[PDB]
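[1] sharing an experimental structure here, sequence included.
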Amino acid sequence: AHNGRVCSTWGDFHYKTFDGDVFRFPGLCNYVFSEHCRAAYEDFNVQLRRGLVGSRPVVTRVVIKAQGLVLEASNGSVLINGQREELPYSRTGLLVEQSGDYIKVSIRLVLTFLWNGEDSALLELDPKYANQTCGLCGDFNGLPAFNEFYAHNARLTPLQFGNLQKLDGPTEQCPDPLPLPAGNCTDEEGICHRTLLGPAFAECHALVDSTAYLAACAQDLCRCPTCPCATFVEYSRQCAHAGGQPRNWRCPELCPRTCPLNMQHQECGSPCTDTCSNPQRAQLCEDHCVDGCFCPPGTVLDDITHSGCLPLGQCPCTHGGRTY
Amino acid sequence: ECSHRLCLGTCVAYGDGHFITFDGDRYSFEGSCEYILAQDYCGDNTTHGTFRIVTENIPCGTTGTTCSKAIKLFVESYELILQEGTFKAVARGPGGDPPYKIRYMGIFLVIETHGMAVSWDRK
Ligand SMILES: *[C@@H]1O[C@H](CO)[C@@H](O)[C@H](O)[C@H]1NC(C)=O
Ligand SMILES: *[C@@H]1O[C@H](CO)[C@@H](O)[C@H](O)[C@H]1NC(C)=O
Ligand SMILES: *[C@@H]1O[C@H](CO)[C@@H](O)[C@H](O)[C@H]1NC(C)=O
Ligand SMILES: [Ca+2]
């Protein structure tokens, strides 16, 4: 599956490259989050801008440039080639949607960009882009620990590394984040260890190592204590992307989620929600676990009038745009 | 007086979206998402059916007018993605021998399944 063709950015400036690295980088300018830069002609150029909401680390603007298409996501709005568009916007090879809790831009055979809207942002790239990319997401050569941080045979700190992949505005001179002093807190109550090493992500321990995620959970605990679940969410996403089946870890106290009356909030639900417009879409799907709202088995979704998930034999039909 | 050999039905999906279905009907449809070009997975029982073919319009250098296609030849538990000029294999189910065969027929990728032969001009 999507073994090592994924990079991510979450929570308190935590960056995860394709090959498995994790590092914190508290930058606050525009950065080349990834880019086709070892090719005669570039295919994609995805950039991030990270900012502050009062104190919360967020992503304020993404600019994906791909094959002559410019896509600027910011302020809860999407600009397609300079024009605002209403979601979803679809064209040959491109589709952008408000699917689930996020904004997902899939440029078929190029990339898959999920953006939760505030802090998370995840890139899936084609296997043919190996070794030809460069940016915070790394080089996609498959070797994590050895080739991202050697600038002319010298090893760099994540602050320096993230500062190399910097890009100022035409009239902007953004500074660099001075190193954060030592940390504190750690996991005193054991919440990170109890959850991450708990039952839910059992098989996730067999695919993705949790050490960096444990550290990030502790570091977020040092930050506000309503925002420690970002690392758990990211670990769920990564475990789902490697191939393993994450299990439900959310409890009414552990960052509770809500879904509509007939829709349940699941970790690892089938991405293709069967809906009696196409009540058998979920037959031979190929896509890993995805989190979001889902329907209890048997009662497919009703996308024709949006009455929630409905039994197969009580949902409407459509003829010529007329509901029956 | 003609020999009574059966002749293979033919569907043609080409160009900016012209289709000539099996029954000889012709029409034009400019779709951008993934469209089921064929399947046996439609019936009072979907599960006694075997194959499934989806296509969608790839632009090869931009996001504009179509330049090529992307085929998804499912056969039972196998799978074959046809894009970008050649084929792949994402076989996920039971790992037996291929129920398909692959051949380079002139300027075509031809994939047979002993009763169902798909020819793709590679564009
Ligand atoms: C987003 O855009 C709206 C207008 O569409 C504006 O009122 C608001 O201040 C912007 N920012 C946020 C964080 O909502
Ligand atoms: C990846 O790129 C580096 C850069 O020179 C090269 O030395 C190496 O052989 C490449 N390996 C693969 C598998 O592409
Ligand atoms: C096929 O569908 C019918 C209802 O149309 C059902 O009674 C029968 O059990 C199904 N057979 C199989 C093998 O699923
Ligand atoms: Ca590397």
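    Received it, and whenever you're ready, just let me know what you need. Numbering: from 1, shown residues only, chains lettered A, B, ... in the order given. Ligands and ions are numbered 1, 2, ... in the order given.
[2] going forward, measure contacts and count neighbours with C-alpha atoms only.
    Noted.
[3] could you find the closest non-adjacent residue to the residue nearest to the spatial centre of chain A?
    What sits nearest the mean C-alpha location of chain A, by C-alpha atoms, centre = their mean, is residue A:122, with 2.9 Å. Nearest non-adjacent residue to residue A:122, counting by C-alpha to C-alpha, 6 or more residues apart in numbering or on different chains: residue A:8, 4.3 Å away.
[4] who does the one you found bridge with?
    Each beta-bridge partner of residue A:8 is listed here: residue A:16, residue A:122, as defined by DSSP bridges.
[5] these two touch, right, it and residue A:120?
    Yes - using C-alpha atoms under 8 Å, residue A:8 is in contact with residue A:120, at 7.3 Å.
[6] strands along the stretch 1-150 of chain A, start to end?
    Along the stretch 1-150 of chain A, the segments classed as strands by DSSP state E, counting those that start in this stretch run A:6-10, A:14-16, A:22-24, A:30-35, A:44-53, A:56-66, A:69-74, A:77-80, A:83-84, A:89-91, A:94-97, A:103-107, A:111-115, A:121-125.
[7] need those in TSV (columns: distance to residue A:133).
    TSV is the format used below for those (distance: least, C-alpha to C-alpha, whole Å):
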stretch	distance to residue A:133
strand A:6-10	12
strand A:14-16	15
strand A:22-24	18
strand A:30-35	5
strand A:44-53	9
strand A:56-66	13
strand A:69-74	18
strand A:77-80	24
strand A:83-84	28
strand A:89-91	25
strand A:94-97	21
strand A:103-107	16
strand A:111-115	12
strand A:121-125	10
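[8] just the ones you listed: most buried one?
    strand A:6-10 (a mean of 25; mean count of other C-alpha atoms under 10 Å in any protein chain shown).
[9] which neighbouring elements make contact with it?
    Counting by 3 or more C-alpha pairs under 8 Å, 6 or more residues apart in numbering or on different chains; DSSP states H and E, the packing neighbours recorded for strand A:6-10 are strand A:14-16, strand A:121-125, helix A:229-242.
[10] pick out the residue in the stretch 101-250 of chain A sitting closest to chain B.
    Residue nearest to chain B within the stretch 101-250 of chain A (C-alpha to the nearest C-alpha): residue A:108, separated by 7.5 Å.
[11] if I look at the closest residue in space to that residue that isn't next to it in sequence, how far off is ligand 4?
    Spatially, and ignoring its direct neighbours in sequence, residue A:108 is nearest to residue A:93 (5.0 Å; C-alpha to C-alpha, 6+ apart). Counting by C-alpha to the ion, to the nearest Å, the gap from residue A:93 to ligand 4 is 29 Å.
[12] tell me who's in contact with residue A:317.
    Listed by C-alpha atoms under 8 Å, 6 or more residues apart in numbering or on different chains, the contact set of residue A:317 reads A:277, A:304, A:323, A:324.
[13] I appreciate the help and will end here.
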